[PDB]
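Quick setup: the structure tokens below cover two forms of a single protein chain, split into structure 1 and structure 2.
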Structure 1
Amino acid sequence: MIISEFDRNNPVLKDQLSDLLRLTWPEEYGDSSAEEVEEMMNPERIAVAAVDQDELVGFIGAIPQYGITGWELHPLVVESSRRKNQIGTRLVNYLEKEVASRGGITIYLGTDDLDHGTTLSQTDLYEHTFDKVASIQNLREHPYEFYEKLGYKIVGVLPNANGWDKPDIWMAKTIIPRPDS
């Protein structure tokens, strides 16, 4: 397989992406799936594909939310039969260089804990907020640990976002060398 920039003019790659998003997050992607993928094709954003044979085995994107300095990692999906084989790691690393070249300094993302897959859920997050964030533990293979192993740190939490004790975990990473103090 090869990871490279997404052919934004390939109708098949786009359909494959639409299918991948609908099979992974059907609650977020539905009938207007094609229109949502077209938004991911916007010139200002970055679109990186992981392709093997005739399949889109993975995809990653980033939106410039704060000028060209603050990018959001959205989305990131690997085919179910292709996970835990480093595609995600290679895709995130590829995105980081894409962002850096465009003047980006940091990439952030938000990953919710809806299935009680982290110790940050089912607990009053306003109580010892940051002591809890620090002592976090993965209970159900929650993707937060993935980003953590890639250098992203939990920089914030949104308590009770998806209902009682179901927070949104905010993670970020500065991709370029700090100009010192």
Structure 2
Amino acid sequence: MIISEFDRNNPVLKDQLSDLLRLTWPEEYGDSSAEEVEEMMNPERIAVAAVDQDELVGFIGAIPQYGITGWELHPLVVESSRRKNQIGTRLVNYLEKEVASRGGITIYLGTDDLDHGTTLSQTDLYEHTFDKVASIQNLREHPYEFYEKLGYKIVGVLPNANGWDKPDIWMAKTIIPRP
């Protein structure tokens, strides 16, 4: 398709990105939505987009959080009408190569469960924490499974992150061969 570095100076593409972020996570992106997008344009971050002739259909970003070795994959979104078509896979694949060329070793992410999309939510995660993580099941097509299919593994959970029994699920992947 046309997956490449995002034009950080295109106010329109950024407006499109802003809308997509509002439509996908209205609880996190609101009026000041434009502010969140500008944060994603910061020079240290990677910003990549899937654009179709002029329409933004997907976006993925990465934040270097530990020197340049540890990067946080944030955010990742594909327009609803174009999902399940490998756009997300391509975006991730593209990101991993770029992160690796910058010196990255590990890409991690936090995928929240606010909608009881997995069995990790609606339960006291301090009781048998890791048995619950190991027996995780997908209840509402939660995206954690999307990442697992791409080689990411659940390496942690933040109990009650977004309110009681609405945890964040930490996943990670080492993107280069161990020398």
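Throughout, residue numbering runs from 1 along the sequence of structure 1. Between two forms, the rigid core is the largest collection of C-alphas that superpose within 1.5 Å.
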item	value
Displaced position between structures 1 and 2, chosen from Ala47, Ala50, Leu125, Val37 (C-alpha, 2 Å or more, rigid core)	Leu125
Large Cα move at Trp164 between structures 1 and 2, threshold 2 Å, rigid core	yes
Shift of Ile68 between structures 1 and 2 at or above 2 Å (CA, core fit)	no
Large Cα move at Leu150 between structures 1 and 2, threshold 2 Å, rigid core	no
Angstrom displacement of the CA atom of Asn138 between structures 1 and 2, core fixed	1.5
Core superposition result - C-alpha of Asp113, shift between structures 1 and 2, Å	2.1
